[PDB]
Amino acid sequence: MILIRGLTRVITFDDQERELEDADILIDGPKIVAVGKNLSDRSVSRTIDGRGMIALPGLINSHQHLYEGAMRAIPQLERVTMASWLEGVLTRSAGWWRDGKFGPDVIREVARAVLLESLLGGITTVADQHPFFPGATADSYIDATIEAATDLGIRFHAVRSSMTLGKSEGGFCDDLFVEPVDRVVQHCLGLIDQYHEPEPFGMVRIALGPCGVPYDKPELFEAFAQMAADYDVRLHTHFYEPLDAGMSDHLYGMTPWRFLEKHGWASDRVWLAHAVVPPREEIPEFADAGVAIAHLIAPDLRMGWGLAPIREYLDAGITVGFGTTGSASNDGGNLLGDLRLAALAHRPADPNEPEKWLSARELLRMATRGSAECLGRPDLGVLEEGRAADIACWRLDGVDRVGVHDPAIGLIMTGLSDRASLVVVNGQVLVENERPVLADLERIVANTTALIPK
């Protein structure tokens, strides 16, 4: 077993929200054996010195687009609404793919770099989707991302994405980029059969992810609702982005939420991205249905969308998680850094009611337990006996963190760097001293850089 000893602070996010000081975490294989003071090192093969660190559950990124790693900091996409952004991302991925520059060898290596960045930022589980890569499926994209994740040892959920409603039938998508519904459904059945690991501590899982109400056919939503029931997998889609209420009313004469109810998606199998602008009246309905919501602050701001009613969701008892989205709308995979954006950006909306503002601890919970719940993982997101040994630790003794009174608030509110010190996934140490212990960082950077489309 592995013992991390003398951690300065341990934040568990267990049912009592217990935190500990100068405490240990004991690990046996995939699972946490104990969390407490002065644990025995009896059957321990190795003791890691945790002194001067804060430990959390591994961060869980509820929303990536790994292929967008190749699309960072493009000047033409710096300041663009949603429509210009979407057009520019789609045409680039289509152009690159057609030209032969975005094949599975390329996607695998882009995924490897972004997933390694993820580990380095304390992220132990990533859920990747590919809504804005039309050729994704013809490109064996998911096979490649899973190979990269498996190689690195990061816990991984692959969301099979699509755009099945063409521009001719009113889709914001356009006919070029559109697969037949049966094609999507068939492929999804195959991926579940091949890759899904439904057991506790499973390291790869498949989810089903139409891009959204404006982008996919109702028949696809209904197909996936049946499939999720029959195979016990989760459902994901984007939700209440600013143009959606109007597009939904025009196509279907109902709100996005009523559409979801009609087509089987008002259930506890579902997590929803963004949720920026729902009608307030529907919020209690979200809660009763048991849907989960992922807060994605960075793209909400980047696209000019604004502030999701996160306080209201928490008030309602709705599960709230956290994500970065892809690097074409972030443009990094730094989940911890993005928490600070949310911590600050929500405040001016309630200038005289600071009790409404999201707190550091609320935000860290979103990035761990809340995201775990989004992905339907009761085995993750919590440091307690019996959960998975997915752990992220940051040093507190840097010169940029002198004077910090509360280390949890400190993680969000201070620092020159969000680099994790020690990262464990599935009981394997993958980062120590801010550096990968199994992956060759320099070689990956070189290999991936030579493959970025130019």
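Heads up: residue numbers just count along the shown sequence, starting at 1.
> For the higher mean C-alpha B factor in the entry, choose 152-160 or 97-105.
Going by the record's values, the stretch with the higher mean is 97-105.
> Give the stretch, out of 220-228 and 108-116, with the larger mean C-alpha temperature factor in the deposited entry.
Mean C-alpha B-factor is greater for 220-228.
> Based on what the PDB entry reports, which of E179, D331, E147, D300 has the top C-alpha B-factor?
That would be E179, according to the entry.
> According to the Cα B-factor stored in this entry, which of the following is highest: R42, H63, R387, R419?
Of the candidates given, the C-alpha B-factor peaks at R42.
> Could you place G29 in the lowest, middle or highest third of its chain by Cα temperature factor, using the values in the record?
As the PDB entry reports it, the C-alpha B-factor of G29 lands in the highest third of its chain.
> Taking the C-alpha B-factors as the PDB entry records them, is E285 in the lowest, middle or highest third of its chain?
Highest third of the chain for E285's C-alpha B-factor.
> Going by the CA temperature factor in the PDB record, which third of the chain does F133 belong to: lowest, middle or highest?
Highest third, going by the recorded CA B-factors of the chain.
> C-alpha B factor of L396, ranked within the chain: lowest, middle or highest third?
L396: CA B-factor falls in the middle third of its chain.
> So where's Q428 on the chain's Cα temperature factor ranking, which third?
Within its chain, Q428 is a middle-third residue by C-alpha B-factor, going by the deposited values.
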